[PDB]
Each structure stands twice: as structure tokens, then as C-alpha cells.
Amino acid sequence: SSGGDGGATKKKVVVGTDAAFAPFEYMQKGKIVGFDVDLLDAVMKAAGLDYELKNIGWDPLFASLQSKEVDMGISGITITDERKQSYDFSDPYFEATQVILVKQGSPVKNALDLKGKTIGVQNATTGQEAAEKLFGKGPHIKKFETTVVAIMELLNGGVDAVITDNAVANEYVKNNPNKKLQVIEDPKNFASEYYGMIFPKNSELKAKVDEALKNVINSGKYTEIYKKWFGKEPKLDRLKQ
């Protein structure tokens, strides 16, 4: 029993996030809110698992999954083959794509127009990878610890464009008409992406979360949550690809 409490209290599942990614997770009057926050609460409750959500940030979240200090993550995280080498994922719960966020005056009409330009991304994201895919890795791509800061460098002209997830870019534009930004989609260039909850490799929580996610989808709770954040019916068939 050394190092533990010999079972005196069942410990809570430690869930990490980077709450700087509206509408999925963000801070509002000192609380973490968003689509992921709601979906997590429904999932863990269906699983019967007491939990704590921590706003630990993006790069720390991955480091902490590796060490198993954090048991689980939800953070608008794309399921990728490279990530699967290090972590496990739940079944998918959302579909997304990368998009190009620019100022309304921008001449950018597609990804190839970014040649010779500076691109802001959040570090170690699928947006960074998509940016690197275009013309290769290099210092022309500026990497920030939050998507928030990437967008701030767009606003002040530090970068020419940001590559980030479509619902985040769309939500930012909707909430900030005064900033006169626009979203440029390039479906021939960018791939379909699916979000999953993330776990350390070999996690006992995965199977429980997959079952609870199905429970939440099947009961109609998923679509209530989706309607709350996105104002339209989900196409649930996107979750069976």
C-alpha cells in the first residue's frame, strides 16, 4: 500500500484540456465551458466515473498523458496515425477540417497562395502539420502555445494567415465581426479530421468511455449538446466512418 491510501477513497479521473479553443473549451467567468466540457460531463456520468477537469494547456496535456499524471484528455483533439503510436483514442465524436483564417483584405484564395507568407499555428497541432505539408517545415510557420495567441498575431499583422480548425475559426468570426476576419476553406488541400478523447497507451478507461459515448449518442444527449453549441442538427453518420 506504500505510496497510496490502500483504497480509503476512490480517486477521481484526472482529465486535462487546453481551454483556449472556443466553442470546444474556453474560460468564462473563471469556469471551463464549451462543447467538449458538456460532452465530457455527460460521458463520464454515463460511465459512472467521478472526474476533475483541469485547464493544463496544450503541450503540458500531451506531456502529462505520456507520464500518466493525467488519465484522459478532451481538447478538440484530432485522431492521427502518429498520435496513435503514443496514445489511445476513443471512438470519434466530431468531424472537422483545417481552414485558413485571414483578414478581410487578404489576397489569399487557397492554400497555395500562402507561398512566401508567414503562417501562424498552435504548436504540435494538425494545423501546424497541414502548414508544413504545403511548402515544407521552416521558420515561415510561427508556432504558439495557444490558438488564441495565433489569432492575436493575425490581428496585429505578426502573421499573414492562421491555419486552425473550422469550427474554431467560424466561431471566432461569428463572435468578432468588428475584427473583419474571414475563413478561406480549401477542401482539395485539407483532409477530413475526426476528434477523439485521448488516453495514455493501454488505458483501462478507453472501453468505459467508448460505451458511455455510445450511451450519450443513443439517448439523444449528444445531439442536445450539439444543438446548444452549433444551432443545427448533427449528422450522426459522420461518427461511423
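All residue numbers refer to positions in the sequence shown, first residue = 1.
Across the two stretches, 79-87 and 126-134, the PDB entry reports the greater mean Cα temperature factor for 79-87. Set 15-23 against 224-232 and average the Cα temperature factors; 224-232 ends up higher. Comparing the C-alpha B-factors of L205, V70, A212, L39 in the entry, the top value falls on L205.
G57: CA B factor in the middle third of modelled residues in this chain (values from the PDB entry). Ranked against the other modelled residues of its chain, the C-alpha B-factor of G196 as given in the entry falls in the lowest third. Among the modelled residues of its chain, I32 has a C-alpha B-factor that falls in the highest third according to the deposited record. Compared with the other modelled residues of the chain, the Cα B-factor recorded for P92 ranks in the lowest third. Sorting the modelled residues of the chain by their CA temperature factor places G116 in the highest third.
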